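Chemist: Can you keep this structure in mind? I'll have questions shortly.
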């Protein structure tokens with residue numbers, strides 16, 4: 001990694017795709033170590049003396065220590081993670097003409113198209129080029145068209161590494177050419193969109209079984225056997241295992257279930273045994289069984305004992321290896337519930353990896369992986385497409401869905417462009433210029449979408465703060481003491497001999513904006529936001545997943561610290577019946593008690609219940625340890641309402657035409673959720689299509705005032721006041 | 001003990017690993033009978049006329065006739081536990097130069113002698129050594145490498161024992177040490193701290209077949225043929241057996257069934273015959289079948305000719321015993337009902353053993369086995385390496401989880417250490433010196449885990465006494481005569497005509513601390529505790545474990561004297577529709593009724609029911625002969641409530657200005673739960689919620705009065721009484 005840089009620099013993976021390639025991100029403080037100015041061309045040289053020369057370029061968030069590098073340069077130079085390099089300031093000259101040839105292995109005799117306008121011109125923008133070095137220019141969504149690998153057979157400035165500005169003619173030969181360098185179809189970690197933390201968390205964790213073979217194979221420590229993967233597919237499960245294989249240098253051997261179901265009675269097992277034994281003798285290699293869940297579900301529900309021994313044998317084949325051949329059996333599955341206890345015991349698989357559906361941050365990264373093969377990407381075209389925009393329309397979808405989604409974006413572009421022009425056997429050059437991906441390609445691609453999976457609550461943080469919602473400072477001032485302090489002050493409550501409580505219960509009028517109260521304490525904690533809505537219980541009540549509902553806490557336990565917020569969950573108790581068809585409880589209700597009582601009072605997880613109809617609960621949540629603290633949400637008052645109105649209403653334009661005091665007298669009946677609606681509705685009455693300098697007017701508030709009904713009654717406020725007594 | 005507490009003694013194992021491997025824990029009289037006192041280095045000579053020196057040490061629980069000593073010195077000399085030893089105090093000698101060599105197997109040429117400064121130079125601890133001594137030092141990296149073993153090839157003083165002072169120079173010649181040996185890495189009795197009574201039983205069972213100096217003619221007993229193990233495997237389960245072989249010095253054979261079941265019809269049998277034949281030349285030896293579960297599962301479920309011939313071959317192995325050459329048969333399975341009736345009966349397996357799960361303690365003694373190899377001799381950080389603080393957190397898991405947990409703990413530390421430094425081919429000293437353990441990594445690793453516990457009940461005895469909860473001296477005096485006396489005075493009963501009762505049923509308001517009432521008498525009875533409650537019972541229902549309900553009594557029966565406590569048995573009957581799906585009855589009650597009638601009270605079991613509403617359920621549990629005495633728990637009262645509050649206030653700081661009499665008299669319609677929360681909620685007001693350093697105040701108990709509200713109504717409290725009258 002780092003020698004105290006300026007010569008040996010730590011290599012990282014580009015968080016962007018970068019313009020072209022040779023553009024390489026460095027830090028101002030790091031740029032002084034090699035002593036040059038941005039825009040300069042520097043050459044990085046390392047083991048094998050395989051080289052490329054790149055640009056000194058901007059940082060973004062970069063720590064002083066890293067260098068964001070594209071895997072293309074790494075693949076050409078074969079750079080592993082955190083390698084050591086020799087960099088120096090080099091004088092780069094002007095090219096005259098460079099003779100290139102496509103890779104026949106990857107092409108298979110397809111593209112004769114003339115790329116002087118497209119590939120070449122793109123290559124004419126400030127790209128250093130090396131003779132006898134294979135380099136690629138991305139872009140061009142698939143017609144059969146990618147950034148195509150071009151090895152330099154000759155450069156007119158013979159045996160001189162040179163840079164191509166915009167004058168020179170790059171030479172497209174199309175002549176067959178063969179090299180040793182690997183087909184880049186074998187991927188890199190960067191090719192996996194995933195997430196940062198997730199991919200990283202999995203990266204260094206999947207890094208340890210190998211670590212790296214080069215300087216350290218095994219001296220201290222030791223391998224912890226195999227690995228397991230969970231969850232539905234991301235960009236892919238086979239891709240994650242394969243990306244680890246390619247960069248690591250170990251051979252990649254795919255073992256799947258259907259191959260075992262193909263042949264029986266020693267035909268598959270001997271074939272599987274041979275491939276297993278062949279993997280070690282051919283090591284380094286990666287042994288990966290995806291469908292093991294299908295072959296080894298065993299609760300003894302399946303049949304064909306001869307089939308059970310086969311996988312129970314593959315388990316015995318693993319420990320037959322000393323871990324001296326440097327190969328790992330990597331498992332994968334959709335669910336951990338399917339495992340046989342044999343897979344569970346250490347010595348076979350002791351490692352656990354959860355593949356979750358990447359958040360918008362991940363889908364934002366997946367947009368880049370696709371825009372690497374196609375135009376129209378953020379900063380790729382000078383017109384900027386902000387990645388959060390496209391992510392706004394992707395909900396819980398994965399890479400395979402985004403790919404299929406982008407595949408349709410291009411397919412539509414194809415469906416429009418090509419058929420109207422049709423085409424012939426030769427691929428014209430013109431079609432590549434006319435080809436333009438449009439923001440509509442996403443629109444028409446979004447027209448076909450669907451979730452394939454069952455919902456399981458996920459982490460997030462809002463922007464809410466105490467000021468973002470007004471009123472009720474008394475309960476608010478208490479929430480600080482309840483949640484934040486046990487996290488920041490675990491050692492205090494020991495000296496006090498006072499044992500805190502796990503969680504509390506918010507109860508008050510229906511729909512006070514109770515969700516906002518959770519979001520407020522959520523952002524404050526700077527932790528993850530987990531809210532269990534009724535509909536989620538409904539959805540999980542249909543699939544008899546009430547089991548899964550307990551993993552929501554388990555998930556909260558592993559991702560801790562987090563705040564698990566239970567909304568309306570109380571309804572489950574009376575749902576079938578309170579005492580009617582069930583006495584105090586269901587099998588679902590006890591699950592909350594199991595996880596809540598089992599976990600310690602002070603942990604990274606914070607439990608918050610919310611019920612605005614608190615009596616229909618069965619007593620379980622009321623008893624000690626079961627949500628002890630009873631927190632009542634009283635309705636806002638004339639000052640809070642005035643204070644809640646002023647906060648939510650000033651997020652848009654405002655004018656003296658409507659004032660806080662006069663409207664406050666008009667609302668005695670509305671909670672945080674209702675008040676914010678009045679502000680929007682009043683603005684929906686006026687319009688800025690016809691001239692308006694403000695989004696609100698007193699006449700408009702009076703219109704919304706008529707629409708909304710002061711549903712509050714001192715009667716409905718009495719049940720809570722009387723109920724807290726009973 | 002041993003016949004002589006003087007020079008001649010018996011050798012016993014160190015119960016705590018301790019730094020004292022080179023030290024020896026020595027009783028106060030045993031030293032006096034020998035000679036001198038604490039502070040003297042001693043020379044020990046024993047059977048085989050091999051010697052070693054050590055430093056003595058202070059007793060705590062020791063009895064004169066045992067000197068608790070490490071396996072290192074014994075394994076170095078090669079001695080087992082129970083051998084006779086000649087100990088004396090001698091001169092403290094010193095080495096001018098000393099040699100040490102690593103093991104070949106452990107190395108495989110992986111360490112060239114770097115590390116001299118971090119280990120040995122720091123290893124000069126004034127630990128008495130011997131000529132050609134084999135010394136073990138802890139250290140290095142973890143991820144699961146065990147203690148670092150050295151052999152002394154040379155000590156510059158010619159053929160004399162020495163103790164290591166802190167000056168001397170040291171030689172590492174990169175020379176051989178041993179390519180073969182019985183090591184501490186090869187496991188020992190000490191490495192497992194969970195077995196206490198079980199390990200004891202195995203001794204008479206392994207010894208006599210190994211024989212031993214004490215017994216040959218074998219009065220009574222017999223050469224037991226086989227052994228069976230139970231419980232989740234992988235933690236000690238596989239290690240226990242191979243540990244009995246290493247310490248017994250017998251010849252060990254590990255058997256893997258699926259690799260035997262690999263071959264069919266005559267290829268497998270000869271392999272089995274060879275494993276058994278192999279045990280004949282080594283007879284007496286150790287046969288261990290881990291896969292017996294998979295080898296003979298057949299209750300008539302799975303068919304085929306192979307499983308009957310392989311077991312029949314195993315059944316043939318039971319007849320092949322000459323009994324003068326007797327070899328041990330050990331096996332591992334997750335239950336007894338899994339194997340086949342032929343093997344269950346004597347003549348093949350006459351010994352069937354349950355291997356349980358560790359307690360917070362039991363897990364703690366598994367930690368020091370791991371901590372032995374962990375750096376940072378002691379922790380001032382948060383949790384001291386007196387390990388009480390680390391062990392108590394978890395609901396608890398087996399050693400494999402702790403191993404993988406601490407295995408990843410040192411890994412989390414490595415993640416912060418190594419990736420920043422990385423390394424080159426060599427591993428210098430400073431790197432090993434800089435890195436040390438940190439408890440936060442154990443917590444970060446605690447967040448990545450799984451609850452290996454599936455369905456089961458660990459038992460214990462509580463600390464609750466009658467002082468923890470006061471009031472109702474009549475019921476307090478009643479539970480004593482009902483619980484204790486059946487154990488203490490069953491004979492007084494028969495002479496005068498009364499017979500030991502069956503059980504009694506507690507009932508009263510919810511959350512009065514009724515869960516503590518049983519724990520209170522449980523401490524007085526000094527018996528084992530069992531809690532039968534809904535979340536646990538329903539957990540059996542989810543897994544259709546109802547048979548296990550009977551196993552709880554049977555398990556409480558083998559570990560008896562024990563106490564079983566049934567609360568929440570309410571929720572059991574109605575939730576299946578006591579009156580809804582049947583008239584009064586369900587299946588689960590039959591399990592309790594069947595098991596309740598099947599057990600008996602001379603087995604050390606105390607049947608205790610607890611019910612909030614003794615009506616809705618079946619009269620069986622209510623009728624006498626199942627639950628005899630009926631006990632109503634009335635609500636706390638001022639004078640008793642006062643004492644209970646005095647029990648709470650002595651756990652936290654206190655001020656004179658607060659008086660428990662007045663507030664207790666301001667409190668009405670409350671159970672013990674509200675108050676134990678009250679005192680806590682009050683203390684929160686004074687010190688932290690109001691951010692001061694100060695002890696509580698009367699306003700705080702008044703502030704809690706505003707927070708707390710009546711729960712139990714005086715009218716229903718009368719209803720419970722009238723309800724009981726009927």
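If you're wondering, the header gives electron microscopy, 7.0 Å.
Using the three backbone atoms N, Cα and C, a Cβ is placed for every residue, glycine included.
Marked as ATP binding site by Swiss-Prot: B:231-238, B:508-515.
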Chemist: By a simple count of other Cβ atoms within 10 Å, which of B:508, B:510, the binding-site residues in the record, is least packed?
Modeler: B:510
Chemist: Check each of the binding-site residues B:233, B:237, B:508, B:510, B:512 and report back the ones whose Cβ is under 8 Å from some Cβ of chain A.
Modeler: B:233, B:510
Chemist: Which residues in the same chain, at least 6 apart in sequence, have a Cβ under 8 Å from the Cβ of residue B:235 (ATP binding site)?
Modeler: B:398, B:399, B:400, B:401, B:403
Chemist: At a 10 Å cut-off from the C-beta of residue B:237 (ATP binding site), count the other C-beta atoms across all protein chains.
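Modeler: Residue B:237 (ATP binding site) is surrounded by 21 other Cβ atoms within 10 Å.
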Chemist: Going along the chain, which residues six or more apart from residue B:512 (ATP binding site) have their CB under 8 A from its CB?
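Modeler: Once residues fewer than 6 apart are set aside, residue B:512 (ATP binding site) is near B:633, B:635, B:636, B:671, B:672, B:673.
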Chemist: Counting only other Cβ atoms and using a 10 Å cut-off, which of the binding-site residues B:231, B:233 scores lowest?
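Modeler: Candidates: the binding-site residues B:231, B:233. Fewest Cβ atoms within 10 Å: B:231.
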Chemist: Please list residues from the chain of residue B:514 (ATP binding site) whose Cβ is under 8 angstroms from its Cβ, counting only those at least six apart in sequence.
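Modeler: Result: B:506, B:508, B:567, B:610, B:633.
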